[PDB]
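For reference, the structure is listed below as structure tokens.
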Amino acid sequence: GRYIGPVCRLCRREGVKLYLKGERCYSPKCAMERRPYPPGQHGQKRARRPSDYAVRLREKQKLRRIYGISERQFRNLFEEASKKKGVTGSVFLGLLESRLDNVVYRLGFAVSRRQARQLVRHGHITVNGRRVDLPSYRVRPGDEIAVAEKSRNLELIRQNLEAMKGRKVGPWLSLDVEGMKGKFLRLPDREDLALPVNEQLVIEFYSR
Amino acid sequence: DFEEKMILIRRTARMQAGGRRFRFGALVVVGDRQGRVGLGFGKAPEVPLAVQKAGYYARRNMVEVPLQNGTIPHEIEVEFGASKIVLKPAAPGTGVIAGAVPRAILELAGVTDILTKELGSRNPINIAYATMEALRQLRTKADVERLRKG
Amino acid sequence: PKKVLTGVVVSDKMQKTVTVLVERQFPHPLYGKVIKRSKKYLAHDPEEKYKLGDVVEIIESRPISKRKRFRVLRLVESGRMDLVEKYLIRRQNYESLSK
Amino acid sequence: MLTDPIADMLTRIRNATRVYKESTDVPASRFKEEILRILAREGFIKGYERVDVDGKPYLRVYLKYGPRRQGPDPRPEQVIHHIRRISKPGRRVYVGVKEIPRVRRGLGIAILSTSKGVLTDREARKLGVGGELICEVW
Amino acid sequence: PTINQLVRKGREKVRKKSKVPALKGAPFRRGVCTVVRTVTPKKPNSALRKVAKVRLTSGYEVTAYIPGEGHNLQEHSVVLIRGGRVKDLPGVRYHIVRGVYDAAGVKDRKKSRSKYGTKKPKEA
RNA sequence: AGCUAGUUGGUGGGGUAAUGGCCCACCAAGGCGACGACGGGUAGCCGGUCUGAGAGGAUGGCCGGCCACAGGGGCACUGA
RNA sequence: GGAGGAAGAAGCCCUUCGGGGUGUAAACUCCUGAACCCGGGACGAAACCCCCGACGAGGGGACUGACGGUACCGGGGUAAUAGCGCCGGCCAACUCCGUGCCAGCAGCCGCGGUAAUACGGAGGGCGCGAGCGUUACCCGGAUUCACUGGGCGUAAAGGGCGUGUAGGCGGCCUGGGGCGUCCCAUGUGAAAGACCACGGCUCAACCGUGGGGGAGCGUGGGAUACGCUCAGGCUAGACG
RNA sequence: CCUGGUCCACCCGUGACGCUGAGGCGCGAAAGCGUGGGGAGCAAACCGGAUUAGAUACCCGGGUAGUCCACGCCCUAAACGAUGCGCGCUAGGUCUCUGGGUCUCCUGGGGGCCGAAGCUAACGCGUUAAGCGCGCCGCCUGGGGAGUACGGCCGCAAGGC
RNA sequence: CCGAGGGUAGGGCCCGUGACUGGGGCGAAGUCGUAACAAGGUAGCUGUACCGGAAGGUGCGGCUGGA
RNA sequence: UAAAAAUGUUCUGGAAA
């Protein structure tokens with residue numbers, strides 16, 4: 001179930017800095033900022049020209065690890081992302097952004113991704129009226145994500161909701177900071193998502 | 001300048017009184033991901049040396065590819081030796097559906113969407129060359145017409 | 001609609017009955033090639049007026065006997081012992097494919 | 001005794017085009033001329049013309065090539081690159097109008113024999129008819 | 001061959017032959033070792049492989065291999081045949097499944113224990 | 001690799017809701033087979049299911065349609 | 001479980017004895033609240049039937065819930081399971097020790113004979129996760145029975161050679177027929193499934209509604225290039 | 001003496017009568033078999049001599065089937081161009097057999113070599129195709145087991161299919 | 001009359017089994033030789049026939065995949 | 001195209017690179 005374990009252990013390995021912890025992973029010590037190398041006993045020696053396979057693996061893991069989505073879903077959602085008319089490149093990336101908890105994280109609310117999930121698994125999060133608790137819930141157009149009321153007074157929801165004053169949300173989401181709402185104006189775009197991932201490879205890895 | 005990407009390096013041997021003496025083979029493909037690729041096979045007593053050499057010939061055995069939206073004008077089945085290769089145009093998003101050797105070329109040529117299939121002997125060198133003839137032989141509605149004018 | 005077939009008359013030593021050899025051609029289900037093939041029908045001849053080498057039409061009919069489920073619709077051409085010989089010859093060869 | 005007049009014709013063209021011959025002779029047949037008319041209109045040959053070799057009706061096809069080239073082997077490019085008989089007597093091939101093949105993504109052509117005349121893939125498709133698929137040429 | 005020759009003779013399906021007649025394909029098959037010895041392997045290699053010769057519920061008496069180091073099989077131990085051949089043993093075409101019936105798991109095994117009976121040790 | 005005596009056809013019967021050698025006398029000698037008859041083996045068929053770029057290949061469990069059977073076997077009674 | 005949390009505790013493992021790794025992982029700090037508790041608690045069930053109207057139409061009335069005191073909702077609410085395979089190449093993942101053609105591994109090639117990324121253990125890593133491997137069987141890859149889409153001088157593959165039966169195949173011009181073939185129309189092609197659109201269970205899996213395919217085969221109509229058939233004409237194949 | 005194929009020339013006659021060919025039928029080197037005949041030379045088997053560790057072999061001296069004829073069987077082969085039959089098409093150079101020519105040389109049929117284009121894994125093939133095409137037939141699907149067994153047909157047998 | 005089944009008798013197909021026996025495949029370090037690969041020391045291969053512990057030898061004819 | 005010339009045997013199992 002959703003990994004759970006040494007994550008700023010993958011900020012490493014994938015060698016492409018990751019902030020799955022948020023605050024710290026954002027500090028002068030993303031773990032990455034002290035060891036730009038993979039873990040293990042070796043981790044700092046010549047590296048064989050990674051095979052054509054390896055690259056794709058790493059590209060995929062880069063992405064999948066970047067959400068916490070466990071393979072099964074990851075790869076599953078991928079297939080849906082295939083039949084759907086269009087470029088799998090956009091689509092998929094888009095269908096990865098439609099992930100409730102994700103958006104949660106995408107719209108402040110939670111410092112990081114792994115945290116945004118729990119907010120969902122406890123009710124704290126709410127949609128177009130009625131609340132929801134499935135991290136897999138897929139957001140659709142014109143739907144706002146609101147915090148619950150019992151929470152609004154919680155020490156956490158505060159500080160986290162504060163970091164919004166000043167900072168602007170992604171070009172496909174709004175935000176009633178005082179009224180914790182913000183809608184999902186439209187599926188995000190390749191460019192809007194500045195992710196250290198080369199989707200086109202992650203795609204090739206599922207061909208074989 | 002271009003991308004450069006080797007398809008395969010290999011070590012061969014010839015015999016002598018004192019046993020076997022070796023030599024290396026670098027099959028390098030180079031391009032700009034926007035119309036120009038070239039293949040070159042270099043041979044030398046040291047790998048390094050061979051791959052640099054295969055790079056040199058590489059730029060000399062070039063070929064204009066008529067890219068069209070990331071794909072190839074039509075489909076061609078070129079045979080070389082006992083190595084056959086088939087290129088069939090694809091729609092945007094498809095990507096490159098080929099093996100390591102032909103992909104390396106098609107990708108450095110700037111091809112983005114393409115259906116491929118190796119038939120017959122899959123020898124790397126031979127397929128690799130059969131791929132260049134293949135790309136070399138493509139035409140566009142444009143040059144087909146300047147052929148049957150009147 | 002009652003199936004109507006056209007064939008030649010091979011044999012008629014039966015009383016009021018005539019065996020007809022209906023040919024047909026069609027595309028091979030896998031290899032394309034058009035191929036002939038044939039079947040023999042035991043059409044009824046109450047009038048006893050059709051004989052050997054007679055290209056006649058044959059129509060589906062209420063069972064007249066075991067096997068006989070067709071009547072002779074109408075003569076289409078007379079004299080074709082040629083078509084009959086082929087048949088006859090083919091049946092003849094068989095007598096050499098034995099052991 | 002020649003078992004496939006057309007097949008032969010396609011072949012005689014292929015054979016000389018490949019040795020940069022100026023023109024090639026082929027025994028005359030009304031049906032064959034049709035093919036040729038199409039081969040000329042779509043531009044593959046320079047043209048044909050009923051003529052007479054040693055007192056017998058022949059068809060003289062005039063080949064067309066590309067311009068001379070550089071490097072080794074300056075032999076010009078070929079206008080008739082491919083030309084393969086599809087339907088042969090050993091196995092005929094009929095195609096429904098929906099079934100009509102698309103030759104070389106459009107840069108090529110198939111030649112059908114329909115109840116409306118020997119027309120090309122485009123002509124056959126537009127006319128909504130289908131037929132025996134004589135050959136394909138690209 | 002000519003199309004006509006295909007129409008006449010036609011092609012021929014392959015038909016695969018099983019490397020394991022454990023009847024009904026049966027993922028497995030039960031039996032009893034009537035002989036439990038050690039054969040000497042094929043060539044390059046030398047050793048003393050432990051193999052049992054088992055009488056089956058398929059009505060066959062085959063010889064199978066006892067994987068892992070150290071086993072507990074005797075002339076009458078019921079056993080579960082798995083099917084998986086051994087490259088050096090000319091005769092053995094099946095593997096005895098460790099951890100089923102009289103077949104004991106591999107005492108003290110700690111890696112790939114799932115492939116050798118051997119339960120799971122309590123970190124105690 | 002040849003098979004066939006109710007065997008193939010006829011006429012008049014019995015029979016049936018009804019065609020028919022389905023069954024019966026009598027008559028005629030027929031019928032079928034390398035386009036694979038007869039025989040031996042295996043098997044319930046299909047919609048579909050899995051796989052495949054496709055053509056194909058494999059399959060027919062759940063659900064739906066048809067068939068067949070009811071310990072093995074023969075028969076009829078009631079009755080639409 | 002989440003967010004914090006050390007130029008980085010211990011233990012275990014490596015080491016060119018400086019140190020490196022497991023690792024923000026833990027501990028530790030706050031924070032949420034799977035379970036469980038208390039209260040509330042369904043839809044699926046509206047007609048048969050009854051009354052007004054004629055036991056018709058239409059309107060109104062009453063009984064009925066196995067699943068269940070379940071789903072679901074409100075309030076309260078505890079940090080609360082992790083395993084399996086693999087790490088020589090194919091193939092993602094490497095070191096130390098043990099052993100010494102032994103014990104064992106092995107899908108293919110092959111690993112072990114005293115320095116073994118291949119055996120066995122450990123550390124470390126990779127993969128996947130309430131799962132993870134193994135065996136059996138089907139398709140793929142296998143254009144490796146090749147219709148699409150292969151071959152036969154030397155790799156498997158030309159019959160010892162003739163004559164010829166069935167069969168297959170067939171030159172040039174014209175006309176009639178229209179079986180092949182092609183075109184329009186039309187009947188048929190159940191349902192479910194599949195695909196697409198949209199909906200209903202918090203999502204999904206399931207599920208509903210709608211939409212679109214469909215060759216085949218029947219019927220009627222039409223075309224005539226090519227194949228076929230009848231007919232007439234030819235001489236370039238063939239024979240004399 | 002009887003008889004087959006076949007090629008050139010004249011273009012005179014027929015008017016597609018054509019190609020191919022599962023089966024069938026015929027032929028089919030040598031050895032081998034059955035009658036009888038024949039038998040010089042040769043020569044399996046067999047007997048010596050020599051060689052050799054041995055020598056059922058190589059070498060030497062002998063020698064019977066057989067080899068030869070007739071009639072009838074046998075039906076195999078590296079029966080080979082290891083390359084099925086037919087037709088069209090695609091540079092030339094050279095030597096050669098046989099025919100016709102307005103006998104510089106041309107033109108037809110055949111036998112060789114080298115080589116256009118093209119083909120091939122390569123070697124090579126290349127108007128005598130292994131090139132480019134159409135028609136029909138035979139045959140191949142990893143090595144061994146094995147051209148073995150069982151069955152059937154054939155044969156006197158040996159064995160063949 | 002027909003008729004399930006039972007009974008006597010004799011055929012056909014297939015499966016299991018049998019003293020003994022034929023060859024076959026496989027199996028780290030057995031015995032004899034030396035046929036083949038370099039005129040492999042007698043050019044090799046080949047159909048057949050006779051012969052020999054064994055490879056094989058010789059006869060007849062054929063092949064070049066030998067000079 | 002024609003094609004002469006040698007009496008005389010043998011080397012355990014793995015692994016080399």
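Chain labels A, B, ... are given in the sequence in which chains occur in the structure tokens; within each chain residues are numbered consecutively from 1, and ligands are likewise numbered from 1 in the order shown.
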Leaving out residue I:26 and any residue of its chain fewer than 2 positions from it, which residues lie within 12 Å of it when counting only C-alpha atoms (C1' of nucleotides), given as a VMD selection string?
(chain E and resid 41 to 43 88 to 91) or (chain H and resid 144 to 145) or (chain I and resid 24)
File of the preceding selection, N, CA and C atoms (P, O5', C5', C4', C3', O3' and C1' of nucleotides), as a PDB file, in the first residue's frame:
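Done, and the output landed in part11.pdb:
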```
ATOM      1  N   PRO E  41      25.888 -36.745 -12.269  1.00  0.00           N
ATOM      2  CA  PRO E  41      25.459 -35.912 -13.395  1.00  0.00           C
ATOM      3  C   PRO E  41      26.125 -36.161 -14.743  1.00  0.00           C
ATOM      4  N   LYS E  42      25.604 -35.439 -15.751  1.00  0.00           N
ATOM      5  CA  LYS E  42      26.048 -35.482 -17.154  1.00  0.00           C
ATOM      6  C   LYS E  42      27.515 -35.109 -17.243  1.00  0.00           C
ATOM      7  N   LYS E  43      27.940 -34.269 -18.183  1.00  0.00           N
ATOM      8  CA  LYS E  43      29.381 -34.126 -18.214  1.00  0.00           C
ATOM      9  C   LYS E  43      30.204 -33.032 -17.629  1.00  0.00           C
ATOM     10  N   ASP E  88      21.484 -31.926 -16.047  1.00  0.00           N
ATOM     11  CA  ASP E  88      22.485 -33.006 -16.001  1.00  0.00           C
ATOM     12  C   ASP E  88      21.923 -34.403 -15.868  1.00  0.00           C
ATOM     13  N   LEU E  89      20.824 -34.554 -15.146  1.00  0.00           N
ATOM     14  CA  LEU E  89      20.251 -35.869 -14.961  1.00  0.00           C
ATOM     15  C   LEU E  89      19.518 -36.274 -16.232  1.00  0.00           C
ATOM     16  N   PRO E  90      20.163 -37.109 -17.069  1.00  0.00           N
ATOM     17  CA  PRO E  90      19.598 -37.582 -18.335  1.00  0.00           C
ATOM     18  C   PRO E  90      18.151 -37.992 -18.186  1.00  0.00           C
ATOM     19  N   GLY E  91      17.866 -38.695 -17.104  1.00  0.00           N
ATOM     20  CA  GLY E  91      16.513 -39.160 -16.891  1.00  0.00           C
ATOM     21  C   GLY E  91      15.489 -38.275 -16.206  1.00  0.00           C
TER      22      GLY E  91
ATOM     23  P     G H 144      20.168 -36.285 -38.816  1.00  0.00           P
ATOM     24  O5'   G H 144      20.276 -37.295 -37.583  1.00  0.00           O
ATOM     25  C5'   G H 144      21.526 -37.499 -36.918  1.00  0.00           C
ATOM     26  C4'   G H 144      21.347 -38.271 -35.631  1.00  0.00           C
ATOM     27  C3'   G H 144      20.591 -39.595 -35.611  1.00  0.00           C
ATOM     28  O3'   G H 144      21.291 -40.737 -36.079  1.00  0.00           O
ATOM     29  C1'   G H 144      19.998 -38.331 -33.729  1.00  0.00           C
ATOM     30  P     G H 145      20.478 -41.895 -36.832  1.00  0.00           P
ATOM     31  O5'   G H 145      19.408 -42.374 -35.753  1.00  0.00           O
ATOM     32  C5'   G H 145      19.807 -43.137 -34.588  1.00  0.00           C
ATOM     33  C4'   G H 145      18.588 -43.557 -33.796  1.00  0.00           C
ATOM     34  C3'   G H 145      17.537 -44.331 -34.579  1.00  0.00           C
ATOM     35  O3'   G H 145      17.799 -45.731 -34.579  1.00  0.00           O
ATOM     36  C1'   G H 145      16.505 -42.558 -33.405  1.00  0.00           C
TER      37        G H 145
ATOM     38  P     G I  24      22.599 -50.349 -32.905  1.00  0.00           P
ATOM     39  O5'   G I  24      21.476 -49.408 -32.282  1.00  0.00           O
ATOM     40  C5'   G I  24      20.621 -48.675 -33.181  1.00  0.00           C
ATOM     41  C4'   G I  24      19.737 -47.721 -32.443  1.00  0.00           C
ATOM     42  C3'   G I  24      20.449 -46.803 -31.492  1.00  0.00           C
ATOM     43  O3'   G I  24      21.048 -45.727 -32.159  1.00  0.00           O
ATOM     44  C1'   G I  24      18.552 -47.702 -30.428  1.00  0.00           C
TER      45        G I  24
END
```
If you count only C-alpha atoms (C1' of nucleotides), which residues fall within 9 Å of residue F:32, apart from same-chain ones fewer than 5 positions away, as a list in words?
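Contacts, in chain order: residues 3, 4 and 37 of chain F.
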Might you pull out every residue within 12 Å of residue C:96, with only C-alpha atoms (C1' of nucleotides) counted and same-chain residues fewer than 5 positions away left off, and present them as a PyMOL selection string?
(chain C and resi 89-91) or (chain F and resi 1-2+34) or (chain G and resi 165-166) or (chain H and resi 23-25)
Please return, as a list in words, all residues of chain C lying within 12 Å of chain H when only C-alpha atoms (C1' of nucleotides) are considered.
residues 90, 92, 93, 94, 95, 96, 97, 98 and 99 of chain C
Distance query residue A:190 at most 12 Å, only C-alpha atoms (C1' of nucleotides), self and fewer than 3 positions along chain excluded, as an mmCIF file with C-alpha atoms, in the first residue's frame:
```cif
data_model
loop_
_atom_site.group_PDB
_atom_site.id
_atom_site.type_symbol
_atom_site.label_atom_id
_atom_site.label_comp_id
_atom_site.auth_asym_id
_atom_site.auth_seq_id
_atom_site.Cartn_x
_atom_site.Cartn_y
_atom_site.Cartn_z
ATOM 1 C CA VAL A 87 -1.584 11.968 -27.187
ATOM 2 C CA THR A 88 -0.854 9.588 -24.330
ATOM 3 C CA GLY A 89 1.826 12.074 -23.372
ATOM 4 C CA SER A 90 -0.591 14.829 -22.417
ATOM 5 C CA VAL A 91 -3.620 12.735 -21.410
ATOM 6 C CA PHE A 92 -1.841 10.428 -18.935
ATOM 7 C CA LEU A 93 0.076 13.297 -17.313
ATOM 8 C CA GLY A 94 -3.338 14.933 -17.155
ATOM 9 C CA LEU A 95 -5.023 11.893 -15.675
ATOM 10 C CA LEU A 96 -2.326 11.862 -13.065
ATOM 11 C CA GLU A 97 -3.203 15.445 -12.115
ATOM 12 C CA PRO A 171 -3.078 28.202 -14.513
ATOM 13 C CA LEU A 187 -7.060 19.532 -17.180
ATOM 14 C CA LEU A 193 3.445 20.809 -15.279
ATOM 15 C CA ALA A 194 7.170 21.473 -15.184
ATOM 16 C CA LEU A 195 8.076 17.924 -14.246
ATOM 17 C CA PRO A 196 11.575 16.454 -14.445
ATOM 18 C CA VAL A 197 9.986 13.639 -16.455
ATOM 19 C CA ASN A 198 10.366 12.768 -20.130
ATOM 20 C CA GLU A 199 6.882 11.276 -20.626
ATOM 21 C CA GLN A 200 7.777 9.871 -24.083
#
```
Produce a table with one row for each residue of chain E that has an atom at most 7 Å from any atom of chain G, each row naming the nearest atom pair and its distance in Å at one decimal; use only C-alpha atoms (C1' of nucleotides); arrange rows by chain and rising residue number; format as JSON lines.
```
{"residue": "E:4", "atom": "CA", "partner": "G:168", "partner_atom": "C1'", "distance": 6.9}
{"residue": "E:11", "atom": "CA", "partner": "G:145", "partner_atom": "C1'", "distance": 4.9}
{"residue": "E:12", "atom": "CA", "partner": "G:145", "partner_atom": "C1'", "distance": 4.9}
{"residue": "E:13", "atom": "CA", "partner": "G:145", "partner_atom": "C1'", "distance": 6.2}
{"residue": "E:25", "atom": "CA", "partner": "G:136", "partner_atom": "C1'", "distance": 5.2}
{"residue": "E:26", "atom": "CA", "partner": "G:136", "partner_atom": "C1'", "distance": 5.8}
{"residue": "E:27", "atom": "CA", "partner": "G:136", "partner_atom": "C1'", "distance": 4.0}
{"residue": "E:28", "atom": "CA", "partner": "G:135", "partner_atom": "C1'", "distance": 6.6}
{"residue": "E:45", "atom": "CA", "partner": "G:101", "partner_atom": "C1'", "distance": 6.0}
{"residue": "E:46", "atom": "CA", "partner": "G:101", "partner_atom": "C1'", "distance": 5.1}
{"residue": "E:47", "atom": "CA", "partner": "G:101", "partner_atom": "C1'", "distance": 6.7}
{"residue": "E:69", "atom": "CA", "partner": "G:104", "partner_atom": "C1'", "distance": 6.4}
{"residue": "E:82", "atom": "CA", "partner": "G:135", "partner_atom": "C1'", "distance": 5.9}
{"residue": "E:83", "atom": "CA", "partner": "G:135", "partner_atom": "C1'", "distance": 6.5}
```
File dump, residues just selected, N, CA and C atoms, as an mmCIF file, in the first residue's frame:
```
data_model
loop_
_atom_site.group_PDB
_atom_site.id
_atom_site.type_symbol
_atom_site.label_atom_id
_atom_site.label_comp_id
_atom_site.auth_asym_id
_atom_site.auth_seq_id
_atom_site.Cartn_x
_atom_site.Cartn_y
_atom_site.Cartn_z
ATOM 1 N N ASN E 4 -2.807 -23.758 -56.315
ATOM 2 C CA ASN E 4 -3.523 -24.999 -56.572
ATOM 3 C C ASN E 4 -2.999 -26.128 -55.689
ATOM 4 N N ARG E 11 -1.788 -26.478 -45.889
ATOM 5 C CA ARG E 11 -0.729 -26.424 -44.885
ATOM 6 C C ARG E 11 -0.909 -27.412 -43.767
ATOM 7 N N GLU E 12 0.090 -27.460 -42.875
ATOM 8 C CA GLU E 12 0.083 -28.395 -41.762
ATOM 9 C C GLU E 12 0.366 -27.802 -40.396
ATOM 10 N N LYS E 13 -0.604 -27.925 -39.503
ATOM 11 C CA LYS E 13 -0.442 -27.430 -38.154
ATOM 12 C C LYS E 13 0.700 -28.182 -37.472
ATOM 13 N N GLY E 25 -2.186 -32.883 -17.906
ATOM 14 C CA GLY E 25 -1.390 -31.684 -17.757
ATOM 15 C C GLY E 25 -1.247 -31.356 -16.275
ATOM 16 N N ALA E 26 -2.177 -31.886 -15.473
ATOM 17 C CA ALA E 26 -2.212 -31.706 -14.033
ATOM 18 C C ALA E 26 -1.067 -30.830 -13.589
ATOM 19 N N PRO E 27 -1.360 -29.655 -13.028
ATOM 20 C CA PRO E 27 -0.241 -28.817 -12.606
ATOM 21 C C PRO E 27 0.800 -29.671 -11.872
ATOM 22 N N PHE E 28 0.325 -30.667 -11.117
ATOM 23 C CA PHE E 28 1.186 -31.564 -10.348
ATOM 24 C C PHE E 28 0.615 -32.960 -10.355
ATOM 25 N N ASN E 45 30.138 -30.994 -15.641
ATOM 26 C CA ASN E 45 29.888 -31.099 -14.225
ATOM 27 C C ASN E 45 29.982 -32.476 -13.578
ATOM 28 N N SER E 46 30.345 -32.472 -12.298
ATOM 29 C CA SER E 46 30.471 -33.675 -11.491
ATOM 30 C C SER E 46 29.755 -33.389 -10.194
ATOM 31 N N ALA E 47 29.154 -34.409 -9.593
ATOM 32 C CA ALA E 47 28.453 -34.222 -8.322
ATOM 33 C C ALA E 47 27.748 -35.498 -7.908
ATOM 34 N N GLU E 69 19.465 -28.612 -0.493
ATOM 35 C CA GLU E 69 20.476 -29.394 0.190
ATOM 36 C C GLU E 69 19.922 -30.108 1.414
ATOM 37 N N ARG E 82 6.324 -32.173 -9.449
ATOM 38 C CA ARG E 82 6.054 -30.852 -10.000
ATOM 39 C C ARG E 82 6.334 -30.657 -11.462
ATOM 40 N N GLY E 83 7.267 -31.397 -12.028
ATOM 41 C CA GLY E 83 7.515 -31.169 -13.433
ATOM 42 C C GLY E 83 8.383 -29.936 -13.591
#
```
For stretch 70-84 of chain B, list every protein, DNA or RNA residue within 9 Å, evaluated using only C-alpha atoms (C1' of nucleotides), and leave out those in the same chain fewer than 3 positions away; present the list as a VMD selection string.
(chain B and resid 34 65 to 67 87 to 92 110 to 114 117 to 123 126 to 127 129 to 131 133 to 135 137 to 141) or (chain D and resid 104 to 107) or (chain H and resid 120 to 121)
Same residues, C-alpha atoms (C1' of nucleotides), output as a PDB file, in the first residue's frame:
```
ATOM      1  CA  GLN B  34      15.413  17.135 -37.713  1.00  0.00           C
ATOM      2  CA  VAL B  65      14.880  12.250 -44.681  1.00  0.00           C
ATOM      3  CA  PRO B  66      11.562  13.722 -45.862  1.00  0.00           C
ATOM      4  CA  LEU B  67      10.078  14.073 -42.384  1.00  0.00           C
ATOM      5  CA  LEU B  87       8.703   1.066 -42.277  1.00  0.00           C
ATOM      6  CA  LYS B  88       5.018   2.001 -42.186  1.00  0.00           C
ATOM      7  CA  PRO B  89       3.867   5.598 -41.357  1.00  0.00           C
ATOM      8  CA  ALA B  90       2.135   6.347 -38.098  1.00  0.00           C
ATOM      9  CA  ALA B  91      -0.214   8.935 -36.661  1.00  0.00           C
ATOM     10  CA  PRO B  92       0.904  11.548 -34.157  1.00  0.00           C
ATOM     11  CA  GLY B 110      13.857  13.163 -36.314  1.00  0.00           C
ATOM     12  CA  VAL B 111      11.194  10.527 -36.774  1.00  0.00           C
ATOM     13  CA  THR B 112       8.606  10.691 -33.997  1.00  0.00           C
ATOM     14  CA  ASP B 113       5.826   8.322 -35.081  1.00  0.00           C
ATOM     15  CA  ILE B 114       6.596   5.146 -36.958  1.00  0.00           C
ATOM     16  CA  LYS B 117       9.299  -4.540 -38.256  1.00  0.00           C
ATOM     17  CA  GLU B 118      12.539  -6.449 -38.849  1.00  0.00           C
ATOM     18  CA  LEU B 119      12.114  -9.575 -40.968  1.00  0.00           C
ATOM     19  CA  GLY B 120      14.685 -12.122 -42.018  1.00  0.00           C
ATOM     20  CA  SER B 121      18.216 -11.957 -40.565  1.00  0.00           C
ATOM     21  CA  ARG B 122      18.272  -9.527 -37.699  1.00  0.00           C
ATOM     22  CA  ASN B 123      21.996  -8.995 -37.917  1.00  0.00           C
ATOM     23  CA  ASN B 126      22.898  -5.442 -41.872  1.00  0.00           C
ATOM     24  CA  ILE B 127      19.557  -4.276 -40.538  1.00  0.00           C
ATOM     25  CA  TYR B 129      22.286  -0.576 -43.320  1.00  0.00           C
ATOM     26  CA  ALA B 130      18.967  -1.852 -44.609  1.00  0.00           C
ATOM     27  CA  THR B 131      17.399   0.954 -42.603  1.00  0.00           C
ATOM     28  CA  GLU B 133      18.648   2.445 -47.740  1.00  0.00           C
ATOM     29  CA  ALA B 134      15.077   2.405 -46.638  1.00  0.00           C
ATOM     30  CA  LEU B 135      15.171   6.030 -45.431  1.00  0.00           C
ATOM     31  CA  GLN B 137      14.549   5.689 -50.850  1.00  0.00           C
ATOM     32  CA  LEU B 138      11.565   7.684 -49.549  1.00  0.00           C
ATOM     33  CA  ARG B 139       9.757  10.210 -51.733  1.00  0.00           C
ATOM     34  CA  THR B 140       7.111  12.838 -51.137  1.00  0.00           C
ATOM     35  CA  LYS B 141       4.020  13.585 -53.212  1.00  0.00           C
TER      36      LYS B 141
ATOM     37  CA  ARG D 104       1.816   3.666 -51.322  1.00  0.00           C
ATOM     38  CA  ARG D 105      -0.172   5.999 -49.092  1.00  0.00           C
ATOM     39  CA  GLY D 106      -1.412   7.649 -52.263  1.00  0.00           C
ATOM     40  CA  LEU D 107       1.833   7.991 -54.124  1.00  0.00           C
TER      41      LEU D 107
ATOM     42  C1'   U H 120      23.378 -14.940 -54.028  1.00  0.00           C
ATOM     43  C1'   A H 121      25.165 -16.138 -47.219  1.00  0.00           C
TER      44        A H 121
END
```
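Atom CA of residue C:20 to atom CA of residue C:83 spans 11.4 Å [interatomic distance, one decimal].
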Contacts between chain D and chain H, please, where a residue of chain H counts if it comes within 12 Å (with only C-alpha atoms (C1' of nucleotides)); show its shortest atom pair and distance in Å to one decimal, rows by chain and ascending number, as a Markdown table.
```
| residue | atom | partner | partner_atom | distance |
| --- | --- | --- | --- | --- |
| H:16 | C1' | D:1 | CA | 9.6 |
| H:18 | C1' | D:1 | CA | 6.8 |
| H:19 | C1' | D:1 | CA | 7.5 |
| H:20 | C1' | D:3 | CA | 11.6 |
| H:86 | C1' | D:1 | CA | 8.4 |
| H:87 | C1' | D:2 | CA | 5.1 |
| H:88 | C1' | D:8 | CA | 6.4 |
| H:89 | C1' | D:12 | CA | 5.4 |
| H:90 | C1' | D:15 | CA | 5.7 |
| H:91 | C1' | D:19 | CA | 9.3 |
| H:116 | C1' | D:19 | CA | 9.1 |
| H:117 | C1' | D:19 | CA | 6.2 |
| H:118 | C1' | D:18 | CA | 9.1 |
| H:131 | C1' | D:15 | CA | 10.0 |
| H:132 | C1' | D:15 | CA | 5.9 |
| H:133 | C1' | D:11 | CA | 5.5 |
| H:134 | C1' | D:4 | CA | 5.4 |
| H:135 | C1' | D:3 | CA | 5.9 |
| H:136 | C1' | D:90 | CA | 9.7 |
```
Test item: residues at most 12 Å from residue A:109, only C-alpha atoms (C1' of nucleotides), excluding those fewer than 5 positions along its chain, as a PyMOL selection string
chain A and resi 22+100-104+115-120+124-126+145-148+151-152+154+156-164+169+175-177+180-182
